[PDB]
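**Student:** This is the structure I want to talk about, given as structure tokens.
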Amino acid sequence: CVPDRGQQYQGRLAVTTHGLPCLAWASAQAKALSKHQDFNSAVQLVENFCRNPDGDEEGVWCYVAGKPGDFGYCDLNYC
Amino acid sequence: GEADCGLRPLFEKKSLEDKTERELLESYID
Amino acid sequence: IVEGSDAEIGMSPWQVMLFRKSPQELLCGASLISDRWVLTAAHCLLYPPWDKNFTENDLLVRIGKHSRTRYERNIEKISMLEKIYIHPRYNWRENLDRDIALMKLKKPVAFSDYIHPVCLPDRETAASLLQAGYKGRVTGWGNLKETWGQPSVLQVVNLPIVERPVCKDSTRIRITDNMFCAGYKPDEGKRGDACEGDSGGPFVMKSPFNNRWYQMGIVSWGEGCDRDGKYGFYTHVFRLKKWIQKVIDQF
Numbered sequence: 213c214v215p216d217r218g219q220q221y222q223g224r225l226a227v228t229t230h231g232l233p234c235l236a237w238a239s240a241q242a243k244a245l246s247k248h249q250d251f252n253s254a255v256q257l258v259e260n261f262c263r264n265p266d267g268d269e270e271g272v273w274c275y276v277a278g279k280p281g282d283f284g285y286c287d288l289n290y291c
Numbered sequence: 332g333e334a335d336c337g338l339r340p341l342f343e344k345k346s347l348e349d350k351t352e353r354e355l356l357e358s359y360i361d
Numbered sequence: 364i365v366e367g368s369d370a371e372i373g374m375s376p377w378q379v380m381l382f383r384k385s386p387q388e389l390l391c392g393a394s395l396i397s398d399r400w401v402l403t404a405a406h407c408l409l410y411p412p413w414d415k416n417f418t419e420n421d422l423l424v425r426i427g428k429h430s431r432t433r434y435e436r437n438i439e440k441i442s443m444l445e446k447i448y449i450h451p452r453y454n455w456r457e458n459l460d461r462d463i464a465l466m467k468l469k470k471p472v473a474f475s476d477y478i479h480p481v482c483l484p485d486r487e488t489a490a491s492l493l494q495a496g497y498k499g500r501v502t503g504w505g506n507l508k509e510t511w518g519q520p521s522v523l524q525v526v527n528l529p530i531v532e533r534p535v536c537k538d539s540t541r542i543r544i545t546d547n548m549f550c551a552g553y554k555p556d557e558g559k560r561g562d563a564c565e566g567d568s569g570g571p572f573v574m575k576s577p578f579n580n581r582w583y584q585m586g587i588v589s590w591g592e593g594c595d596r597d598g599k600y601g602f603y604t605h606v607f608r609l610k611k612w613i614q615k616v617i618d619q620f
């Protein structure tokens, strides 16, 4: 699978589990939202793939938009 | 701001106990 | 708040009234964490399903009140918002995760006997004080009853913290690590709960060790109000501390 809550996944999953496409990890706004948070300078925010810069018990996610809560989980299989 | 935080002028500072304060304090020791 | 009482006066000086400007209507509560910033439930500001969405303008804050009703012309301060900080990863589409919000008031407040800030918990307090058994104190002006009703004054109730498992089987919603649940077990023969309108109010605890009051949570959600075997959820204020500062010493 994808172990410690995909806390180390360099896949290209680039789509919410609702099938919404991840907006660019480095997007204009994915950079707005991403600003007062605590991303681990270990989870490397690649393009617009799902990642867990967070710790997110849940898993990998990604922005899906601009305003808060415009984020979603990706579907991997963890162990 | 707060440094002087969480100290009630009409209680901790007058040295008064609010009428339930204590149900809480004992909940830790008990 | 369900099944508690009249707050003594000047008992919870950090309590704040989140009030919609017009219609002059009460929304929720908040806390005073310093002299320009207040702390609340984000859902109190933005929750689309209820087609609820306010701007630093729809709202007004009232610091220092007793009464749910009267305008305390000489004790309470009607203050205005400068900016709103709604947690970015607030999950309002799922289980309201990180139901947290920060509001910066335009010009600072002057503390009175009636107005004083609470303390955000530190790593050790948070640590020694958040355990199944310990009791916190909830405060509000909302619904007195699940259904059938508003306090005329501040209501206070003290409920104990409940084990994650019990919390976790209390319901069908995803309980996370940024929430805790407090309330009486059924077989415990005691009751009390926060209810609709309480959200944002602080869930505080007093230190044995130093005797200061520490805000440990915010009223987040819950199903029913004082339903048996159902516990109420509160935001883990600590678990969200980092953000709380990245925004305050930032902007």
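Chains as they are written, first to last, in full-length UniProt numbering: chain A, 213 to 291; chain B, 332 to 361; chain C, 364 to 511, 518 to 620. A virtual CB, placed ideally from N, CA and C, is assigned to each residue, including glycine.
1. Among C:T403, C:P471, C:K559 and C:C536, which one has its Cα closest to the Cα of C:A495?
2. Please check if any C-beta of chain C sits within less than 7 angstroms of the C-beta of B:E333.
3. Does any residue of chain C bring its CB to less than 7 angstroms from the CB of B:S358?
4. DSSP three-state call for A:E259: helix, strand or coil?
5. In whole angstroms, what is the alpha-carbon distance linking C:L523 and C:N437?
6. Would you mind sorting C:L465 into buried or exposed? The rule is 16 or more other CB atoms within 10 Å of its CB.
7. Taking the beta strand (DSSP E) that C:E565 belongs to, which residues open and close that run?
8. Closest to C:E557 by C-alpha separation, out of C:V481, C:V531 and C:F382, would be which residue?
9. Can you give me, in chain order, the residues of the stretch 442-474 of chain C that have a beta carbon less than 7 angstroms from any beta carbon in chain A?
10. Listing by chain order, which chain C residues have their CB less than 7 angstroms from the CB of B:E352?
11. If you follow the alpha helix (DSSP H) that C:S491 is in, where does it begin and where does it stop?
12. Is there at least one Cβ from chain B nearer than 7 angstroms to C:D398's Cβ?
13. Can you check whether the CB of C:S589 is closer than 7 angstroms to the CB of C:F602?
14. Under the rule that 16 or more other beta-carbon atoms within 10 Å means buried, what is C:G518, buried or exposed?
15. Residues in the same chain with beta-carbon distance under 8 angstroms from C:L444, minus the five sequence neighbours each way, listed in chain order, please.
16. Would you kindly work out how many angstroms separate the C-alpha atoms of A:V227 and A:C262, rounded to a whole number?
17. When you compare the stretch 227-245 of chain A with the stretch 253-270 of chain A, are there three or more beta-carbon pairs, one atom per stretch, that lie closer than 8 angstroms?
18. Output, in sequence order along the chain, the residues in the UniProt domain "Kringle 2" (213-291) of chain A whose CB is closer than 7 angstroms to any CB in chain C.
**Tutor:** The short version:
1. Taking each of C:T403, C:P471, C:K559 and C:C536 in turn and checking the Cα distance to C:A495, the smallest one comes out for C:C536.
2. The C-beta of B:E333 comes closer than 7 angstroms to at least one C-beta of chain C.
3. Chain C contact via Cβ: present.
4. Residue state, collapsed to three classes: coil.
5. When rounded, the distance between both Cα atoms is 18 angstroms.
6. That one is buried.
7. Segment: none, C:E565 is in no beta strand (DSSP E) and carries neither H nor E.
8. Here the closest residue by C-alpha is C:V531.
9. So the list reads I449, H450, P451, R452, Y453, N454, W455 and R456, given in the order they occur along the chain.
10. What B:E352 touches in chain C: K575.
11. Looking at the DSSP string, the run of the alpha helix (DSSP H) that includes C:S491 is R486 to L492.
12. True, the Cβ-Cβ gap to chain B drops below 7 angstroms.
13. Cβ atoms of C:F602 and C:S589: closer than 7 angstroms.
14. Burial is judged here by how many other beta carbons sit within 10 angstroms of a residue's own beta carbon; C:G518 has fewer than 16 and is exposed.
15. Same-chain partners within the cutoff: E419, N420, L422, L423, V424, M466, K467, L468 and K469.
16. Looking at the two C-alpha atoms, the distance is approximately 7 angstroms.
17. Judged by Cβ distances under 8 angstroms, the stretch 227-245 of chain A makes contact with the stretch 253-270 of chain A, as three or more pairs qualify.
18. Here the close residues are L245, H248, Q249, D250, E269, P280, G281 and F283.
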